[PDB]
């Protein structure tokens, strides 16, 4: 069976596409406003040197902080999100922030050279640039594999935005009060996605794709946990707080 998208479902997709278009600048034109990226000579991938300098942290922390703000904006536009209490809204945002950033970054990720390309060389982020931000390969390598796998799904933008929405509105986040309401909202979203794939996504991908996308959400949980572990280590570095931002400190602290 391939039930047609209901008027409500079509409206949901429209709202999410619009929300994404208003919160994700494909030209990355604001990036020049972030603290400048600095790339020290670390061909050896020296953890000691990376931690001593954290040369790329101010820039990437600003990029992440900026992205969290955009995600907050996107989330507020998710149909039903505002029906939740502010406490639940914040619980969901803080817990999904890094995951949505990883998902949305797939738009700048390119398999041409396995980097996040957001402009000229200055705004091209490679594994080496992330390690220069004090991040561990224990996180970055799996992150890259995740990006490639997500790339290969060749998601329509409709699927991309629905996946980010579903990621955010997850009832199984620690601290949520009204898990029931959250699940109802997510189910409305998941049903839209499943319905969209079944009647709009041409094979060989008409089906099976929903399962692959849901698996990505599971992968994201592991990446989230891995990032939290690495962020903790990074936080031990003296003077690190100044290289981050208040929003970043709050979300991951």
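Positions refer to the first chain, counted from 1.
Undergrad: Please work out which of 69-77 and 166-174 has the higher mean CA B-factor as recorded in the PDB entry.
TA: Taking the mean B-factor of the alpha carbons in each, 166-174 is higher.
Undergrad: Mean C-alpha B-factor higher for 111-119, or for 133-141?
TA: That would be 133-141.
Undergrad: Select one of 30, 226, 219, 187: the residue whose C-alpha shows the highest B-factor in the crystal structure entry.
TA: That would be 187, according to the entry.
Undergrad: Looking at the entry's B-factor column for C-alpha atoms only, identify whether residue 50 ranks in the lowest, middle or highest third of its chain.
TA: As the PDB entry reports it, the C-alpha B-factor of residue 50 lands in the middle third of its chain.
Undergrad: Can you tell me whether residue 82 has a C-alpha B-factor in the lowest, middle or highest third compared with the other modelled residues of the same chain?
TA: CA B-factor rank for residue 82: highest third.
Undergrad: Lowest, middle or highest third of the chain for the C-alpha temperature factor of residue 235?
TA: Middle third, going by the recorded CA B-factors of the chain.
Undergrad: Against its chain's modelled residues, does residue 98's Cα B factor rank lowest, middle or highest third?
TA: For residue 98, the deposited C-alpha B-factor lands in the lowest third.
Undergrad: Lowest, middle or highest third: which one holds residue 247 when the chain's residues are ordered by CA B-factor from the entry?
TA: As the PDB entry reports it, the C-alpha B-factor of residue 247 lands in the lowest third of its chain.
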